[PDB]
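See structure below.
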Amino acid sequence: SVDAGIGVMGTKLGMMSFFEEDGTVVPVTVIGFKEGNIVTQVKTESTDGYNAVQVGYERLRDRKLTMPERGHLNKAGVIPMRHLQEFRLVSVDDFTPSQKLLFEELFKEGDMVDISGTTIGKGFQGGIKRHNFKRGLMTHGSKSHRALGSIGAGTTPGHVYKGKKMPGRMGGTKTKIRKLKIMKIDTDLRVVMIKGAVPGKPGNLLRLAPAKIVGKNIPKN
Amino acid sequence: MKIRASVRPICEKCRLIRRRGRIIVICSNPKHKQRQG
Amino acid sequence: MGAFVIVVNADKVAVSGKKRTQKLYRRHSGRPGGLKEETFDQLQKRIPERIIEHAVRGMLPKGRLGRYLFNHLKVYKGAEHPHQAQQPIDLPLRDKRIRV
Amino acid sequence: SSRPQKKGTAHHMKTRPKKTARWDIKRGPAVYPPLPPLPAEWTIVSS
RNA sequence: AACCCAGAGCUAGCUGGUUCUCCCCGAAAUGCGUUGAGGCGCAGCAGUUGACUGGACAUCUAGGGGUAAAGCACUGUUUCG
RNA sequence: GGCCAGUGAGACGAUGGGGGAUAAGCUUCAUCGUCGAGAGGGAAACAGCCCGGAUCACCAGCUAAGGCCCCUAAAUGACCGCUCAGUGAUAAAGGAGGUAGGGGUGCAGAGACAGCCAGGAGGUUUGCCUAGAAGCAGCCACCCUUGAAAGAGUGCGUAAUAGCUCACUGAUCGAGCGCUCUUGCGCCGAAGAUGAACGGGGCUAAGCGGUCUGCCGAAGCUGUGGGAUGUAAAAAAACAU
RNA sequence: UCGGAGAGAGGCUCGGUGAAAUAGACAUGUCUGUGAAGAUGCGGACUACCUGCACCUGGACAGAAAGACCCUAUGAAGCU
RNA sequence: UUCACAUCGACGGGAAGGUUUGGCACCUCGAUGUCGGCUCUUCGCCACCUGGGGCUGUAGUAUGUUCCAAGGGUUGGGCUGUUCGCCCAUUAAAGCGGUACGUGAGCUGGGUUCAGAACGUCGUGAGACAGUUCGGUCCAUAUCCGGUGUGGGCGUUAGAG
RNA sequence: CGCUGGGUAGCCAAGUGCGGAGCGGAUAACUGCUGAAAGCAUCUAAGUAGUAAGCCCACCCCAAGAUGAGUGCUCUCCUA
Ligand SMILES: [Mg+2]
Ligand SMILES: [Mg+2]
Ligand SMILES: [Mg+2]
Ligand SMILES: [Mg+2]
Ligand SMILES: [Mg+2]
Ligand SMILES: [Mg+2]
Ligand SMILES: [Mg+2]
Ligand SMILES: [Mg+2]
Ligand SMILES: [Mg+2]
Ligand SMILES: [Mg+2]
Ligand SMILES: [Mg+2]
Ligand SMILES: [Mg+2]
Ligand SMILES: [Mg+2]
Ligand SMILES: [Mg+2]
Ligand SMILES: [Mg+2]
Ligand SMILES: [Mg+2]
Ligand SMILES: [Mg+2]
Ligand SMILES: [Mg+2]
Ligand SMILES: [Mg+2]
Ligand SMILES: [Mg+2]
Ligand SMILES: [Mg+2]
Ligand SMILES: [Mg+2]
Ligand SMILES: [Mg+2]
Ligand SMILES: [Mg+2]
Ligand SMILES: [Mg+2]
Ligand SMILES: [Mg+2]
Ligand SMILES: [Mg+2]
Ligand SMILES: [Mg+2]
Ligand SMILES: [Mg+2]
Ligand SMILES: [Mg+2]
Ligand SMILES: [Mg+2]
Ligand SMILES: [Mg+2]
Ligand SMILES: [Mg+2]
Ligand SMILES: [Mg+2]
Ligand SMILES: [Mg+2]
Ligand SMILES: [Mg+2]
Ligand SMILES: [Mg+2]
Ligand SMILES: [Mg+2]
Ligand SMILES: [Mg+2]
Ligand SMILES: [Mg+2]
Ligand SMILES: [Mg+2]
Ligand SMILES: [Mg+2]
Ligand SMILES: [Mg+2]
Ligand SMILES: [Mg+2]
Ligand SMILES: [Mg+2]
Ligand SMILES: [Mg+2]
Ligand SMILES: [Mg+2]
Ligand SMILES: [Mg+2]
Ligand SMILES: [Mg+2]
Ligand SMILES: [Mg+2]
Ligand SMILES: [Mg+2]
Ligand SMILES: [Mg+2]
Ligand SMILES: [Mg+2]
Ligand SMILES: [Mg+2]
Ligand SMILES: [Mg+2]
Ligand SMILES: [Mg+2]
Ligand SMILES: [Mg+2]
Ligand SMILES: [Mg+2]
Ligand SMILES: [Mg+2]
Ligand SMILES: [Mg+2]
Ligand SMILES: [Mg+2]
Ligand SMILES: [Mg+2]
Ligand SMILES: [Mg+2]
Ligand SMILES: [Mg+2]
Ligand SMILES: [Mg+2]
Ligand SMILES: [Zn+2]
C-alpha cells in the first residue's frame with residue numbers, strides 16, 4: 001500500500017505510566033531504537049514500476065549474514081543489518097542510500113502514528129476465544145459445552161460453506177494500530193514514548209510511520 | 001408521484017410523455033403526475 | 001496444428017447496442033455473497049484485456065487442449081507489442097460486418 | 001398461480017424443433033442428370 | 001405362556017434366489033366371477049402342430065340409427081313489451 | 001381344432017367426454033400412436049413428443065425429421081420487409097403521440113394546423129333553493145337582442161363580491177393538418193430465497209416473417225461382399241425375411 | 001449475565017504390541033438445470049498443482065436393527 | 001366541508017408467489033428419527049428502524065401513503081412443553097419468511113408415539129378416547145467429499161538468499 | 001494444594017488504548033439545464049449537471065501453485 005510519509009523501525013521495551021503537569025495519568029508504551037536506521041535501496045518507477053525506499057535495522061555480526069545479503073548492503077557501503085522493510089511513497093526525490101533517518105526529525109510531538117508489528121501467538125485456539133462464539137449450557141444434561149454446534153443447514157446446500165468460522169491458529173500475524181498520540185521525546189536515551197498499547201512483547205520489531213488518512217494525505221481513488 | 005399500471009390523463013392539462021422507456025404523466029397539479037409500473 | 005495470434009488496441013474494441021452499459025462480466029468466489037457483477041465499461045477501465053480473453057475462451061474447446069490453446073493468444077492494450085522478432089503478418093477477415 | 005408449468009412430456013411437444021415454413025419444408029434433394037454407363041470394376045486375364 | 005428332543009424338510013395364495021451357447025417366432029396389464037381385490041379359473045392376445053378355407057389392402061354402392069350441429073313443433077326453463 | 005405358455009399393477013400423449021375447481025405428472029371409460037418389449041438421429045442433459053423400426057462387415061455414397069458464426073459437421077449464402085426491446089427464454093386483464101404500415105373520416109390557398117395580439121356583451125337578474133349568488137353550493141331550463149365573434153358560460157378563485165381565463169371570431173404567418181378504427185414486431189404491467197442459470201461464448205443479424213438455390217445430417221435407403229431362417233424336399237441359384 | 005485461569009487422566013509426538021464396525025469397483029469438486037420430481041457419476045458454466053498431519057461434522061437420502069407407526073395375509077398368539 | 005383517485009374504496013374482475021390448511025399419493029417401509037428450545041450460520045424482500053426522494057386534506061414538530069434501497073441492525077424479562085399470543089420495563093426499531101416448518105453421526109428431551117397407575121366418559125366385558133394426569137434408557141474412534149488451520153514434495157527452464 | 005489468608009511473571013476481562021475516514025469514481029429513485037420529431041411544449045431517441053447507510057476504489061490482513069507460476073537488488077557455478 002501507499003504510505004503517507006516515511007517511517008522507521010524500533011523495538012518494544014516495555015510499558016509504564018506518564019504523569020502530566022495537571023496530574024492526569026496516561027498509559028504510555030516505550031519503544032527503543034537500535035544502532036542502524038540507514039537507507040539501503042531506492043526504488044523508482046523507471047526500474048521497478050513503483051516508488052519506494054528500503055530501510056534496515058538491528059545491526060549484527062557480519063558472519064551471521066548470508067553472503068548474498070552482504071553484497072546488497074556493501075553496494076551502498078552500508079553496515080551489516082538483519083531486517084529490511086520498505087516505505088512506499090509518491091516521490092522519492094530526496095532520498096539516497098547510506099542516509100540516516102532520525103525519528104525526532106520526523107516525529108516531533110503529539111503526532112499521530114501508525115504502529116505495526118507481530119502479535120502474540122496463541123496457537124490452535126477454539127471458537128470461543130478466536131471468533132467470540134457463545135457457550136452452551138454447563139448443566140441441564142447438555143453434552144455440548146464449548147463445541148461449535150451446527151456447521152451447516154442440511155441437504156440444501158449439502159456442504160459446509162467456505163470461510164466458515166472454525167478453530168485454527170490464532171495470533172502471531174501482522175496488525176496495525178492506527179492514530180496513536182506521541183507523548184514525549186528523549187534524545188538523551190534514544191527512546192520515544194507513545195500513548196496506548198503496541199502489538200507484541202518487549203523485544204519485538206515494529207514499524208512506525210506517519211498516520212495515513214483517506215482524503216487528507218494519500219491519493220484518493 | 002403515485003405509480004400504477006394503468007396511467008392516463010385525469011384533467012385537460014395532463015400531458016403524457018415517454019421518458020427513458022416509461023410512460024409518464026406531467027401536469028401543473030403535483031397530484032396528477034404519474035408513472036407506469 | 002494452428003497458429004499464434006496477437007491483439008493490439010484492445011481498449012478501442014467496438015461494441016454494438018447498449019452492451020457498453022448492459023453486458024455484465026461477473027465472477028464468483030465460493031461464499032454465499034461472493035458474486036461480483038461488473039459492466040463492460042467498468043471492466044474496460046480496470047483490465048481491458050479480460051474482455052478479449054473472456055470471449056475467445058468461450059469459443060475455444062474446453063479441456064486439456066483448450067487450456068493449452070489459450071496461451072497461444074496474446075493481447076495488449078497499446079498499439080505496440082514486443083513480439084517483433086517473430087515477424088508476424090496481418091490477419092485476414094472474410095466477414096464484412098466487423099468494420100462499422 | 002392458476003397456470004400449470006408444462007413440465008413433463010408436454011415440454012417436448014411444445015419445445016421440439018419445428019420449421020413452420022413452406023419455403024423450407026417444400027425443399028428436397030438436388031437433381032442431377034444420370035451418369036453414362038460405366039464399365040465393370042474388374043476383369044480377368046487368362047492366367 | 002420356560003428350555004431340549006421328536007412329529008418336521010410342519011405350513012407360508014408372501015419375499016429372495018434359480019448356473020452354458022446359437023437360431024426362429026413373439027405377448028399382456030382387458031372383461032366376467034370369486035370369504036375376492038398384489039391370488040386363481042375361463043375367455044381374449046403367444047408358440048407349436050393339423051385340417052378346411054380365400055381373403056387382406058384399395059375403390060364404389062346399399063342398409064338401419066338419432067351423436068356433433070341445428071331447432072322450440074312436444075316436455076321443462078326464461079327475458080322484455 | 002390338438003398339445004402347451006405367460007399375462008390379468010399399466011404409463012404419457014392426441015381426440016371424445018365424465019368426476020374434480022374446464023386444478024393436478026390427478027382419477028375413470030371409449031377410439032388411435034409410442035414407451036412398455038425399441039437401439040439410432042433431432043430436442044443442451046431428459047422411457048412416452050418428431051423422423052425412423054438395429055442380420056453382419058466397409059476409413060463408400062444419397063437422404064428423412066432437423067439444421068449450416070465459434071465451442072460443434074454444413075452457405076459470416078442471395079433477394080424483399082420488420083424489430084433496437086439483448087425482444088429473441090418466461091403469464092393475463094389493462095395501459096400508450098413506441099415503431100413500420102393499412103383503411104375510413106374531417107379540414108386548407110375565398111389562409112387550415114400550432115404560436116403571438118384584440119373582443120369574449122345585454123336582456124325575459126327565467127323560476128326554484130338561500131340570510132345572500134349577475135353564470136359558477138345547487139335544481140329545472142338553456143328561448144331572445146346587439147354582432148366579425150360572445151355560452152340561461154369551460155376551468156381557476158370568492159361564503160357571496162370582484163378577478164383570472166376558455167370556446168368563438170379578426171389579423172399576422174404559407175403547406176400541409178386533425179379526429180376515429182386497425183395489422184405486424186416490440187415497451188410497461190412481469191417480485192424469492194446457495195451463484196450468470198434463458199446450453200454457453202457471444203450476435204443488431206449470428207433475431208422475426210416471406211422467397212430461391214446449395215450443403216451437412218441416423219444403425220433409414222443405395223452400392224459391394226458374407227452368415228442364417230422360410231419357400232424346401234440334396235446342392236446350387238432365386239425371392240422374401 | 002460472561003466467561004477466565006489452574007491441577008490430573010486422555011488427546012498430540014517418539015518407541016513396542018496392535019483391533020473393530022464397515023466395505024459393488026471406485027481415478028470420489030461447486031453452482032444451476034435435468035432426471036423415479038432431493039445427482040461427485042448426465043448437460044452447461046465456474047473453480048481446482050500432487051500428497052500428508054492435527055482439528056469440525058453439512059452431505060454421501062452415512063452406519064446400526066428384512067419399520068416397532070399405517071395397511072395387506074381367508075398368518076400366529078393372549079384376553080373377553 | 002364541495003372534490004372518485006391526500007387517505008379509504010363497496011360491487012365485481014385479472015394476476016404472481018409457493019411460507020398456511022388441504023387435494024393427488026410420484027421418490028423413500030432389508031428405516032428419509034419428531035414439536036419447541038440452545039449453539040452456529042447463510043440467503044430472499046412483499047422495508048420494522050437507519051440513508052436518500054415524491055405526493056399530502058404536508059404551516060412547524062410529528063405523521064400518513066408510496067418509490068429507490070437487503071449494507072448493517074432488529075433487547076432483556078413474567079406465563080405457557082410449545083409455535084402463535086398477552087403482559088412488564090426499555091429501545092432508532094424491537095420486520096416477515098426460505099434453507100428436510102435450516103441444523104439430534106452437534107446438544108437438550110419439557111411435549112408427542114411403548115410398557116405402570118389413576119380420574120372422567122363410552123362399553124355387559126376384555127379394553128378404548130387427535131380428553132386429562134404422575135412417571136418413563138437419545139448409541140456412535142470421520143473412509144471420501146466439504147470446511148478451519150498447518151507442513152512436505154515437485155514445478156515455475158542453472159541453482160539460490 | 002489437608003483447609004485457609006496473600007501473590008510476581010504469564011494468561012484473562014470487569015481493566016487499558018485504537019478503530020470506523022474520503023468536496024474520491026460511476027449509478028438507482030427523484031429534481032434538472034439545454035432542446036427536436038410536433039414553429040408550441042417536453043429532463044433525452046444528440047449531449048450534459050446535482051444526488052443514497054447501497055455499487056467500485058481507497059482503509060486493514062492474506063496473496064505469483066496468478067501453471068497467466070511475475071518484478072528488482074545481491075550471490076554461486078571448483079578440480080582433472
Ligand atoms: Mg504462543
Ligand atoms: Mg449464553
Ligand atoms: Mg459436561
Ligand atoms: Mg452433493
Ligand atoms: Mg404454479
Ligand atoms: Mg427437410
Ligand atoms: Mg424349509
Ligand atoms: Mg407332518
Ligand atoms: Mg419379429
Ligand atoms: Mg388391471
Ligand atoms: Mg394398451
Ligand atoms: Mg360369499
Ligand atoms: Mg380380480
Ligand atoms: Mg387380480
Ligand atoms: Mg404382479
Ligand atoms: Mg394375496
Ligand atoms: Mg389364464
Ligand atoms: Mg348440441
Ligand atoms: Mg387392475
Ligand atoms: Mg359433448
Ligand atoms: Mg396419470
Ligand atoms: Mg395412479
Ligand atoms: Mg413398440
Ligand atoms: Mg428441454
Ligand atoms: Mg448430400
Ligand atoms: Mg434458426
Ligand atoms: Mg464448422
Ligand atoms: Mg436475451
Ligand atoms: Mg431474454
Ligand atoms: Mg442462449
Ligand atoms: Mg430467414
Ligand atoms: Mg449394426
Ligand atoms: Mg437396412
Ligand atoms: Mg488443563
Ligand atoms: Mg495433562
Ligand atoms: Mg505408536
Ligand atoms: Mg480427484
Ligand atoms: Mg424436473
Ligand atoms: Mg439437482
Ligand atoms: Mg463419466
Ligand atoms: Mg455434474
Ligand atoms: Mg466430533
Ligand atoms: Mg441410514
Ligand atoms: Mg419389512
Ligand atoms: Mg415386522
Ligand atoms: Mg382373502
Ligand atoms: Mg416447497
Ligand atoms: Mg403441501
Ligand atoms: Mg438401505
Ligand atoms: Mg422493494
Ligand atoms: Mg410445511
Ligand atoms: Mg426441522
Ligand atoms: Mg444431522
Ligand atoms: Mg419427556
Ligand atoms: Mg358402566
Ligand atoms: Mg418430574
Ligand atoms: Mg448423541
Ligand atoms: Mg481422513
Ligand atoms: Mg480434506
Ligand atoms: Mg488470590
Ligand atoms: Mg490460594
Ligand atoms: Mg426546459
Ligand atoms: Mg423549443
Ligand atoms: Mg440520451
Ligand atoms: Mg455513499
Ligand atoms: Zn392534471
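Methodologically, a virtual Cβ is constructed for each residue, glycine included, from the backbone with ideal geometry; neighbour enumeration extends over all protein chains shown. All of the numbers you see were taken from the coordinates with simple rules; none came from a lab.
Give the stretch C:22-34 a look and list any residue that's away from every other protein chain (no Cβ under 14 Å) and surrounded by 11 or more Cβ atoms within 10 Å (Cβ to Cβ), or say none.
Within the stretch C:22-34, C:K23, C:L24, C:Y25, C:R27 qualify.
Which members of the stretch C:8-21 meet the condition of being of a type outside the set (G, A, S) and surrounded by 11 or more Cβ atoms within 10 Å (Cβ to Cβ)?
Step one: of the stretch C:8-21, the residues of a type outside the set (G, A, S) are C:8-9, C:11-13, C:15, C:18-21.
Result: C:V8, C:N9, C:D11, C:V13, C:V15, C:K19, C:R20, C:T21.
Which of the residues that make up the stretch D:1-32 are assigned to a loop (DSSP other than H, G, I, E, B), away from ligand 24 (no atom under 16 Å from the Cβ), within 24 Å of the chain's Cα centre (by Cα) and exposed (fewer than 10 other Cβ atoms within 10 Å of the Cβ)?
Within the stretch D:1-32, D:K19, D:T20, D:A21, D:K26, D:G28, D:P29, D:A30, D:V31, D:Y32 qualify.
State which residue pairs qualify: first residue away from chain C (no Cβ under 14 Å) and in a strand (DSSP E or B) and inside the stretch A:71-87, second residue of a type in the set (G, A, S) and within 14 Å of RNA strand H (Cβ to nearest atom) in any location, beta carbons under 9 Å apart, and separation of 6 or more residues or different chains.
A:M81/A:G56; A:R82/A:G56; A:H83/A:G56; A:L84/A:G56; A:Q85/A:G56
Tell me which strands (runs of 3 or more DSSP E) are completely within the stretch C:1-83 and hold 3 or more residues being under 20 Å from C:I98 (Cα atoms) and of a type in the set (V, I, T), or say none if there are none.
C:5-7
Mind checking whether some residue in the stretch A:54-76 is among the aliphatic types (A, V, I, L, M) and in contact with a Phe, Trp or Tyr (Cβ under 7 Å, 6 or more places away or on another chain)?
Within the stretch A:54-76, one or more residues are among the aliphatic types (A, V, I, L, M) and in contact with a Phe, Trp or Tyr (Cβ under 7 Å, 6 or more places away or on another chain).
Being more than 14 Å from every other protein chain (Cβ to nearest Cβ) and of a type in the set (K, R) is the requirement here; does C:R50 meet it?
yes
Of the residues that make up the stretch A:20-35, is at least one more than 22 Å from A:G196 (Cβ to Cβ), more than 16 Å from RNA strand H (Cβ to nearest atom) and either in a strand (DSSP E or B) or not aliphatic (A, V, I, L, M) (or both)?
Scanning the stretch A:20-35, I find at least one residue that is more than 22 Å from A:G196 (Cβ to Cβ), more than 16 Å from RNA strand H (Cβ to nearest atom) and either in a strand (DSSP E or B) or not aliphatic (A, V, I, L, M) (or both), so the answer is yes.
Under the condition of being more than 14 Å from chain C (Cβ to nearest Cβ) and of a type in the set (A, V, I, L, M, F, W, C), which residue from the stretch A:152-172 is surrounded by the most Cβ atoms within 10 Å (Cβ to Cβ)?
It comes out as A:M170.
Being under 30 Å from A:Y161 (Cα atoms) and either without any contact (Cβ under 8 Å) to a residue 60 or more places away in the chain or within 14 Å of another protein chain (Cβ to nearest Cβ) (or both) is the requirement here; does C:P82 meet it?
For C:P82, the condition - under 30 Å from A:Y161 (Cα atoms) and either without any contact (Cβ under 8 Å) to a residue 60 or more places away in the chain or within 14 Å of another protein chain (Cβ to nearest Cβ) (or both) - is not met.
Identify the residue in the stretch A:8-48 that is within 16 Å of the chain's Cα centre (by Cα) and β-branched (V, I, T) and, among all such residues, is surrounded by the fewest Cβ atoms within 10 Å (Cβ to Cβ).
A:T11
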